[PDB]
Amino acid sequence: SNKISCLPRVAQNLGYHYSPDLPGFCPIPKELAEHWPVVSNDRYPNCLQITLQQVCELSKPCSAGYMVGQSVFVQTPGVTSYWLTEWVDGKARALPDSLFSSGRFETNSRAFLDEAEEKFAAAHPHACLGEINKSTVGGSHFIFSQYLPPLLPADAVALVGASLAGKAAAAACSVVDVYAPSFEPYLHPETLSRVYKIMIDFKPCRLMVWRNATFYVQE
């Protein structure tokens, strides 16, 4: 294929599990795609339309991990990967704001995307780098963090155990493959502690922020 798509969870979370054209979703006859909610490159009355360029006033640009046929690709920070356009009865409806997964989980890359993320990580070390306090592990919240297992699931925000063999362990710590700097807007609140409603791949989440100290995420 030379057919673009989001990481499937992005569309699924919006409520779209079928596709006549895209391989990452459940297939369906095209006859039925007219009368049923679907992801596609093509347009249908009730539809999430994934395109390489803007369609409409209300098409959302997403700098995000994406896939072309079977091949998954990592996001390029600052660069749109695809435009989503939600159709209901052939009328475009606006999509909510949301952070996006970089495609690092499914491509198995633990690497920083660009240098700005590496600098961001070292600047907010408690939240990103991971550290060991007594017998517990704290702050291993990004795919690039330290005490994480060999394999990680591709979720918006994965719950996994973290560990330093012998010394420490932490069960069910939340881990995310988002381009870390995308959090920067939330890191300076009026109050010292602050709690934001956010979305990662359109999955409602809770961003917990302690100013100049740490942040983490839940579902």
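One-based numbering along the sequence shown.
Higher average CA B factor: 114-122, of the stretches 114-122 and 141-149. Within the selection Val178, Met67, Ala165, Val55, the deposited Cα B-factor values reach their highest point at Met67. The entry lists a Cα temperature factor for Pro29 that places it in the highest third of the chain's modelled residues. Ranked by C-alpha B-factor against the other modelled residues of its chain, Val88 falls in the highest third. Sort the modelled residues of the chain by CA B factor and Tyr196 lands in the middle third. When the CA B factors of the chain's modelled residues are split into thirds, the value for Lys203 lands in the middle one. When all modelled residues of the chain are sorted by CA temperature factor, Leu22 is found within the highest third.
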